[PDB]
Each structure stands twice: as C-alpha cells, then as structure tokens.
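In the structure tokens that follow, the same protein chain appears in two forms, which are kept apart as structure 1 and structure 2.
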Structure 1
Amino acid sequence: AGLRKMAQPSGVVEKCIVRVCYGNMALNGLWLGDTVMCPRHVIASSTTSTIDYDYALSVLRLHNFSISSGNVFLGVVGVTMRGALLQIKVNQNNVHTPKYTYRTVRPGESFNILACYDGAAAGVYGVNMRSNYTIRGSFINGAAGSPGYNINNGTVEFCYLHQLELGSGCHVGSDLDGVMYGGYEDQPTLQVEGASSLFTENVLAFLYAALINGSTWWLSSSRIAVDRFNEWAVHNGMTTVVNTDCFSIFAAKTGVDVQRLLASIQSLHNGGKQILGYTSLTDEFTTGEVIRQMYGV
C-alpha cells in the first residue's frame, strides 16, 4: 500500500528478442513476424566521427549478419533502413509473435523497458518519457535494441527501441518507425539534452498518492486556478495542466481539489522533508499507475 515503480509483466515480449551481429558489432533485435528490427548503427563503427548511414547501408553484405534466437540461427533474406532502424527480413516467422501495435510515446507517458544483453532479456523496469525526450534508464554497452512496451488491454504496444546514452547519462531511443525521440541523432557526437520540465499531471498524481498514504504537511491553504498556474508553469520548468478529469476520484478519497495541490506545488518547487521518501517533486507516476496501485479499477 506504498508506492513502487513497477513493470508490467514481460512474458509476452521475452520470446521476441534476438541477438544481431554484424562483423565486429553485436546488439539486440526485436523479432516480429518474419522481420528483425534493430538499431542501424550495428552496421557501422565510429568512435568520434559522424557516420554516413546511406553509405554504410550500400556497402552492406547480407552474409556478414549473424542473427540468433537463443542458440538457433535465423537466415537473413534482406534488409532495408527505416529512420534509425534496420528492417531485416529473415527466413521464418516468430511463432511467439504477440498481438501488437506500434505507438509513439508523448512526454509524461510511462512505459516498460525489457533490458537485454546479447539477445536475451535480463531485466525489466518501468520508465517515464521526460519532456526532453530522454529516459532515466540503466543500460550499458551492448544494450541497444532493448525494447520498450506498454500492454494496453491484451495488446502489446511497442514504443521504444534503445539507441544511445547521451554524454550526460540519459538514455535515448527511437520508436519502431525509426524516428529518434527528440530529434537526437544516432551519432557519437556531443549532444546536450534540453531542459526537462516536470510533467505536472504526474506530480499531481504523486501528491495525491502522498495524501492517500499519510504525507500532508506540504498541503497549502491557498488555491490557484489552472489558468493562473499555467501562466506560471512554463517559466518554472513545469508543464501546463490540460486535463483535470483524471483527478476527481483522487479529490474524492482525499477531499483536496486540484487547485489546492497547484498551490502547494508553487511552494515546493524547497531543504525540507521527504514526501514519500522523495526530496524533490517526481513526475515518474502517471494518474493511471497511481490508481492501479491504490485501487485497481
């Protein structure tokens, strides 16, 4: 009845991971139907220089690939490049292909990361898309191609394929159409991520989950309208509040409306105490996650 960052169960995704090797390089791939999706930088090597990917695809040789699902080798039939991904046609279907779609995450949305190494799932944990389009992950070299997914009502939505670690430690991926999140480039060049504003609706979900669990000292007596808050938010590293309907069930079980939380926020953005053992305001938790851990409808 506390609050844990949680992953949705990973079984419907574990059997879609493969190892993708190309000459000296190796990373992970996502095998759906008869196609393996993987970061295009498996086919080019570069420490400091940029990479000419249209050129490296042209000098590609199919018989240089070596792809495996566990210890079973798959035959490479062909390859096209889509964005920062390779689409590799193989000689057989994955019979464990789930019912799935592709979706691109917006900032603030939560999703799960199946952390993979040498073509096998090793760990799973929940993340949240930051406003600068990075995530706070735990990846080392050889984890590229680790996928991110949400399970929505029986259907796996694949939303992320891991690409790189920015110089600052934050993690960047593409969606499964090959679009790099945030417009970052899959290059070893210097790239500094823009400022990350806290996603306010998740901070609201967090504060509500604090009340439901006891934390209440921070609650302000004042009350600010979404309109007046939103004029302030965009200059103080926080997003506007668009939908407030999602919080009515929290205002019920707590007796605090969103306007009194928006007033506390304008003070907390504060040395001090530990709200739910947190020192700053966290936007890791969506209204969804918080309700599914507190109630479960």
Structure 2
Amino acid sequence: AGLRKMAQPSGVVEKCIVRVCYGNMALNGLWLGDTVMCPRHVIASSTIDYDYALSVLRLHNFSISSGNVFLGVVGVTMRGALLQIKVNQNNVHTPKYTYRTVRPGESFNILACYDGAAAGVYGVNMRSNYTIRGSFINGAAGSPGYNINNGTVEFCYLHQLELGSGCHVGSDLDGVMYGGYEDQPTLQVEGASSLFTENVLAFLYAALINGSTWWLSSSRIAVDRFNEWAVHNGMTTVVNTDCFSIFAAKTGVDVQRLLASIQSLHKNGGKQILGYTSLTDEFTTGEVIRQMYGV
C-alpha cells in the first residue's frame, strides 16, 4: 500500500558524470563514449554571443575530470544549447542509451550533480509550460534527466537555468531548450503553469485503490465540458482516456465522476488525499500501475 514519488535507481548514470571547468565557470557534464555533453554557458564570459565565445576558445583551458582522473579535450563543437566535447578517453562504464525529448506530463528522474558528482536523485514531471519543479543551486547545470527502460538509459534532460520564479529549465540532448527559453541572463516571459489533469486522474485512481474516497463526487461531467472549464481554472485539457479503462474497471468509478470530483476539489486545500494536496499532478498512470500492482 502507499504511493510515493520515486526515482529509478541511479547507479548506471552516476558513472557518467564529469566535472567541466573553463576559466571561472564550473558545472557538470555527461560522459558517454568519447564525448562529454555540457551546457554551452560554461564558456561564457549582457547578452552572450556563443559563436564568438567558441571562436576565442583554447582547448587547453578546459579541465574535465571524472573524480581525480583528468580527460584530455580533443575537439569542441556547438550542439544547440550544448557543447559536444570530444575527449581522448572512452568511458568504460557507458550504458546502452538513447536520447528522447519528453512531453508535458511525462515523468523522468533528475540526478542532481555538483562538482561533477551526483548529490541527489528525485522524480520530476515536465509541466505544461515546459519547466520542472526542481531543486538546483548554482553549479548544478548539466545535471542529467533520464529514464530507464528495459536496461536502456533514456537521456532526456540536461539542466540549464532557473527562471525568475524558481522554475527550472533544461535542454534535451540534441541541444533544444525545453519551452524555447534562451540561455541568456535576461528577463524572459514564463508561460502559465497548469495542473496536468490526466495525471491528477491517475492520482485520484491510486487514492481510490488505497481506500481514500471522501472526495468522491456523485455527479458526472463530460470530458469536453470539463475541458471548457479547465482552461479557465488552471488545468490542462483531457485528451487521452483509454488508459483509464483498467482503473475504472478495478474501482467501478469512471473518468466522468473523477472529473466532477476535480471540480469540487478546486472549491474546498481543506483536506489531504493520501497525505498529498488533493490535486497533485506529479504521478502518471504508468507510475501508479507500477506502484499499485508491480507491473
């Protein structure tokens, strides 16, 4: 019984963290094969012309280390908001990996790194405005986001910046910044964050399975009518519902009743659900199924 925001085990990724220093800048890199990926603002010295910074770059000014082992830098290139740094040593601990760009509502794992070493690991969920609800301080850029699927590490995030509100932004491993934000120390408009409704539905189904039912509405509202309401009450639209069939079948409660309970919950934070804020949206149906039933 129970539901917790978990991280997948980090061991396979911990071996791929390096320290990347250039001048007075220090942050983290991801060492796969003979390449080190890191955010390009490590080489920055108002608005930054990265192409110029890369043109005055001397390779011997890098310091890239794995613990106390220093890696020779062979080449640098630009990959969007990242540097691709070729190093002279192959990482023997490189897992089987892929790159994937995550979508709003999807869960992944953050391995928070400082000085080129993992310091913590936690689960996150990409928000509707392409930020994550994180915990990073200066020095954590380059902290990787990952998923583990059938022995393959899916790299989806390298930490980049914190918006003026304390929301966190990274790029995918192709160097495309999530949300389109710029890696510039400037005033940037941040999109409105909305609660991801399909994840709220998964959470409320987990609550039913865990015997929490005080919040359950008797009323019923249709998907398309709820969606009209959602975009005026800070919640995303519901687009996929076939994933809820198994939960509706285990519980007897269909989505339309949960949608109506969601409206009621928004008019109460007058009571907790499973110890959480009633409308938490950090859990996916996939996460709930693994924690409730092990599959």
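Take the two forms, superpose them, and find the largest set of C-alpha atoms that agree within 1.5 Å; that set is the rigid core. Residue numbering: structure 1 sequence, from 1.
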Sole member of 37, 27, 67, 233 with a C-alpha shift of at least 2 Å between structures 1 and 2 (core-superposed) | 233
Would you say residue 11 moves between structures 1 and 2, meaning its CA shifts by 2 Å or more once the core is fitted?
-> no
Is_shifted residue 288 between structures 1 and 2 (CA, 2 Å cut-off, rigid core) = no
Once you lay the two forms on top of each other by their rigid core, how far has the C-alpha of residue 93 moved between structures 1 and 2, in Å?
-> 0.5
By how many angstrom is the CA atom of residue 198 displaced between structures 1 and 2 after fitting on the core?
-> 1.7
Could you check how much the CA of residue 242 shifts between structures 1 and 2 after a rigid core fit, in angstrom?
-> 2.3
